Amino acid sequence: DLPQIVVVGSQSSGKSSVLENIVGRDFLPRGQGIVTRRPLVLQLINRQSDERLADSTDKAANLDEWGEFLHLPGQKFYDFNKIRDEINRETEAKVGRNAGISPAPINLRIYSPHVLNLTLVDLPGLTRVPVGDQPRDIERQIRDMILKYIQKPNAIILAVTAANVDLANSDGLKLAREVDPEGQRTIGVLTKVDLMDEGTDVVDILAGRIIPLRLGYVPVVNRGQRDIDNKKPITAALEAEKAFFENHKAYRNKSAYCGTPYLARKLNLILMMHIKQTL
């Protein structure tokens, strides 16, 4: 149907962290062995610019930003800690906790003056060894779920790989190549650039010398686990990401092509081009 950006990669590649960095505020459940177990179809809606904010545990809530769930019609979520709770609820309701997965999507809209018009689909990450109560063929079930999404020619494939692993072992690029070998609709993200072995960088990847992608790669820096535990706001994380690329010798002169702000503009631009070619 409509074009959308499907986020694919290994478990703990940083897929959920990228979505939070794009939104600008944290709203996804994490910790306690919690991972994405249902597709989150996230629709971001730009919207240029009190009793409704009375019972808010989110210090940043405001009337210009809120979320809406398709299965909870009429409700507007101004507190993003309740968005997290509801996502955790809907997931456990259909697939319990730390068990298998379900293809039933959770549909969430978020209005904001700070987001571009994008549709992103967070998919479960590939793992290799079952833990907890997972079915022993959990790897196959996740692969088959991903392929069903990215086989569709309207799907823009956001292949997420951690920069502190060998690019050639990327699950995201493998799956992207299986359905889109020419790279016509695959765009890469390189996370955890701040965790790279000292002396290494991703410049060779950006210059197309390893696994070329015509739509390119974008390096980013999301919140680390310490930042999550300390409740560091995404706004501060974005400031930290900007400073990282502007003071690193390898990225200083190319920093306009680094970071989540550029990724969002790039996804928005690619998404508009993809629509133009639909008749």
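A residue's number is simply how far along the shown sequence it sits, counting from 1.
Colleague: Should the segment between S49 and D50 be described as having none, 1 to 3, 4 to 9, or 10 or more unmodelled residues of the deposited sequence?
Modeller: The entry has a gap there, with 4 to 9 residues left out between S49 and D50.
Colleague: Which wins on mean Cα temperature factor, 222-230 or 28-36?
Modeller: If you average the C-alpha B-factors of 222-230 and of 28-36, the larger mean comes out for 28-36.
Colleague: Between 98-106 and 172-180, which has the higher average C-alpha B-factor in the PDB entry?
Modeller: 98-106 has the higher mean C-alpha B-factor.
Colleague: Checking the record values for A93, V121, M196, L147, which has the greatest CA B factor?
Modeller: That would be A93.
Colleague: Which one, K82, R128, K192, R140, has the peak C-alpha temperature factor per the PDB entry?
Modeller: Answer, based on the entry's C-alpha B-factors: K82.
Colleague: Based on the deposited C-alpha B factors for this chain, I'd like to know if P73 is in the lowest, middle or highest third.
Modeller: Highest third of the chain for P73's C-alpha B-factor.
Colleague: Determine, from the deposited record, the chain-internal third of the Cα B-factor for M273: lowest, middle or highest.
Modeller: For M273, the deposited C-alpha B-factor lands in the highest third.
Colleague: Ranking the modelled residues of this chain by C-alpha B-factor as given in the entry, is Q151 in the lowest, middle or highest third?
Modeller: Middle third by C-alpha B-factor.
Colleague: Taking the entry's C-alpha B-factors for this chain, is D204 in the lowest, middle or highest third?
Modeller: As the PDB entry reports it, the C-alpha B-factor of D204 lands in the lowest third of its chain.
Colleague: Name the third of the chain's ranked CA B-factors that contains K59, choosing lowest, middle or highest.
Modeller: Highest third, going by the recorded CA B-factors of the chain.
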